[PDB]
S.K.: 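Encoded as C-alpha cells, here's the structure I'll be asking about.
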Amino acid sequence: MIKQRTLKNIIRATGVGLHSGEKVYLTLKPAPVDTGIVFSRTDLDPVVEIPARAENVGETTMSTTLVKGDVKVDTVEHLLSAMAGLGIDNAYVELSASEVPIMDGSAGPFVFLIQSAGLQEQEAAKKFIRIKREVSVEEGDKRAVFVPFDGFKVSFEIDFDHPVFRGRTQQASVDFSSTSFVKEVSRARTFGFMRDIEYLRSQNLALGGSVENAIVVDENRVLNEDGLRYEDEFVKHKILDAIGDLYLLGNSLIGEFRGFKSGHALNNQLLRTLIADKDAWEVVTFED
Ligand SMILES: N[C@H](CC(=O)O)C(=O)Nc1cccc(OC(F)(F)F)c1
Ligand SMILES: [Zn+2]
C-alpha cells in the first residue's frame with residue numbers, strides 16, 4: 001500500500017513575522033497517523049492547538065489565517081504547500097508567535113526544512129480525496145472550480161490591470177504527473193507593489209515585507225529583476241498558494257483545480273462547498 005508520511009526528526013527554524021516584522025520560532029515535529037497538520041502556539045499557557053482544516057479558517061484578507069476562539073495563526077499557505085508538495089500527511093508545527101515565519105516569501109525554505117528532517121513512512125494507508133464530479137464557486141468576476149481528473153493538475157488565470165503585465169491575462173497550468181512541485185512551483189514569490197506596501201507599512205502592517213520575501217513592483221515595473229526565479233512567476237505563486245489552501249482538506253487531491261482571479265477566500269469557499277457535496281468526492285487508498 002502507498003503509506004502515510006511524517007518527519008523522521010524534529011527541526012527548528014527562525015525568521016520574521018510578515019506583519020510584526022520581528023523574530024518568530026518554528027518547530028516541525030513527527031506526528032501519529034491520521035493526525036493531519038496541527039499548529040500549536042507554544043508561546044501561550046496552556047498551549048493551544050489549531051488543526052489545519054477548512055472549518056478553522058478565519059479572515060483570509062491577505063493570507064490564510066486559522067482561528068480557535070481568540071487564538072489564530074496568520075500566513076499558513078506556504079508551509080502547508082511545502083507539506084502538500086512532499087506528501088506530508090502528519091506533522092506538529094510549534095510556533096512562538098501568531099504567524100508562520102515569512103522566510104523568503106515562498107515554500108522553498110519549508111521544502112528544504114522538511115527534506116533535511118527526513119521523510120518517515122508510517123504503517124497506515126495514504127488517504128486520497130478523488131473528485132467524482134465538478135464543483136464551482138463564484139464571487140463577482142472571481143471563480144474557483146474542481147474537475148474530475150486522474151492525477152493532480154492546477155491551473156490559474158488572472159487579468160491584473162498593472163503595466164508590468166503589458167495588458168495580458170496571466171495564465172499557468174501544472175500537471176504534477178509530468179512536472180515537479182519543488183523545482184518549478186515551490187520557490188515562486190508574489191509581486192509586492194510600492195503603493196500597497198507603502199500604505200501598509202504606514203498603516204502599521206506588513207512590517208516583514210522586503211526585497212527578501214517578495215518581488216517589489218513600483219506601479220510601472222519590477223524594481224530589480226534580479227529577484228525573479230521564474231517566467232510567469234506571479235501566477236506560479238498563485239498556484240503555490242492554491243496548493244496550501246487545498247491541503248486544509250487534510251488529504252492529497254486526485255482531480256483538477258482551476259483558479260480565475262481567485263485567492264484565499266474563494267479557495268476555502270470551494271473547499272467547504274466540496275465537503276458539503278457528499279456525492280462529489282470519495283476517499284481512496286492504493287496498492288504500490
Ligand atoms: N500568499 C500571499 C499572496 C496573495 O494572497 O496573493 C503572500 O504570499 N503574500 C505576501 C508574501 C510576502 C510578502 C508580502 O508582503 C509584501 F506586501 F510586503 F510584499 C505578502
Ligand atoms: Zn503566498
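In this chain, residues are counted from 1 in sequence order. Atoms within a ligand are numbered from 1 in the order they appear, just like the ligands themselves.
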S.K.: Do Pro32 and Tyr92 come within less than 4.5 Å of each other through their side chains, counting heavy atoms only?
M.R.: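 The answer is yes, as the side chains (C-beta and beyond) meet within the 4.5 Å cut-off.
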S.K.: Give the single entry among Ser81, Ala188, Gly209 that approaches atom 18 (F) of ligand 1 most closely by any heavy atom.
M.R.: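 Answer by nearest heavy atom: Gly209.
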S.K.: Go through ligand 1 atom by atom and flag the ones less than 4.0 Å from a non-hydrogen atom of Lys238.
M.R.: 6 (O)
S.K.: Under the ring-ring contact (aromatic ring centres under 6.0 Å, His included) definition, can you give me all pairs with a residue in residues 132-160, not counting sequence neighbours?
M.R.: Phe152-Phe176, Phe160-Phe165, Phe160-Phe193, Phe160-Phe234
S.K.: Using a 4.0 Å heavy-atom cut-off, say whether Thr75 meets ligand 1 through its side chain, its backbone, both or neither.
M.R.: neither
S.K.: At less than 4.0 angstrom from any non-hydrogen atom of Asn213, what atoms of ligand 1 do you find?
M.R.: 12 (C), 13 (C)
S.K.: Please could you name the atoms of ligand 1 that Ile197 approaches to less than 4.0 Å, counting only its heavy atoms?
M.R.: 17 (F), 18 (F)
S.K.: Among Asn90, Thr285, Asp89, find the one that has a side-chain hydrogen bond (donor to acceptor under 3.5 Å, both in side chains) with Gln4.
M.R.: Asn90
S.K.: Say whether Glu77, considering both its backbone and side-chain N or O atoms, lies within less than 3.5 Å of an N or O atom on ligand 1.
M.R.: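 Looking only at distances, the answer is yes, because the N/O contact criterion of under 3.5 Å is met.
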S.K.: May I ask you to check if ligand 1 and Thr190 share an N or O to N or O distance below 3.5 Å?
M.R.: no
S.K.: Return the minimal non-hydrogen interatomic distance between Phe181 and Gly85, and the atom names on each side.
M.R.: CD2-CA, 3.6 Å
S.K.: Number of protein N/O/S atoms less than 2.8 Å from the Zn ion (ligand 2)?
M.R.: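 Considering protein N, O and S only, the Zn ion (ligand 2) has 3 within range.
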S.K.: Would you say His237 and ligand 1 have an N/O pair spaced under 3.5 Å apart?
M.R.: yes
S.K.: Please examine the side chains of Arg258 and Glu157, heavy atoms only from C-beta on, and report whether any two atoms are closer than 4.5 Å.
M.R.: no
S.K.: State, yes or no, whether a side-chain contact exists between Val135 and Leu270 at a heavy-atom distance under 4.5 Å.
M.R.: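 Yes, side chains in contact.
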S.K.: Which distance, rounded to the nearest 0.5 Å, do you find between the CG of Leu28 and the CG of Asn9?
M.R.: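 So the gap between those two atoms works out to 11.5 Å.
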S.K.: Give the atom numbers and elements of ligand 1 that come within less than 4.0 Å of a heavy atom of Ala214.
M.R.: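 The list of qualifying atoms is 19 (F).
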S.K.: Apply side-chain hydrogen bond (donor to acceptor under 3.5 Å, both in side chains) to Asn268 and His264, showing your working.
M.R.: CA-CA 6 Å; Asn268 191 256; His264 303 310; over 6 Å; no
S.K.: If you take all heavy atoms of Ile114 and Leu7, which pair is closest and at what distance?
M.R.: CG2-CD2, 4.0 Å
S.K.: Does even one non-hydrogen atom of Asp196 get within less than 4.0 Å of ligand 1?
M.R.: no
S.K.: Using a heavy-atom cut-off of under 4.0 Å, does the side chain or the backbone of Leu18 touch ligand 1, or both, or neither?
M.R.: side chain
S.K.: How close do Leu207 and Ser20 get, heavy atom to heavy atom, and via which atoms?
M.R.: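 Distance-wise, the nearest heavy atoms are CD2-O, 3.8 Å.
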S.K.: Do you know which of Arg229, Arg189, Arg187 makes salt bridge (charged side-chain N to carboxylate O under 4.0 Å, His left out) with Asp104?
M.R.: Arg229
S.K.: Would you tell me whether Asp43 and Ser96 have side-chain atoms, one donor and one acceptor, within less than 3.5 Å of each other?
M.R.: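 Absent: no donor and acceptor within the cut-off.
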S.K.: Can you list the atoms of ligand 1 that are under 4.0 Å from a heavy atom of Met62?
M.R.: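 Within the 4.0 Å cut-off of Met62, ligand 1 contributes 2 (C), 5 (O).
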S.K.: Any N/O of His78 closer than 3.5 Å to an N/O of ligand 1?
M.R.: yes
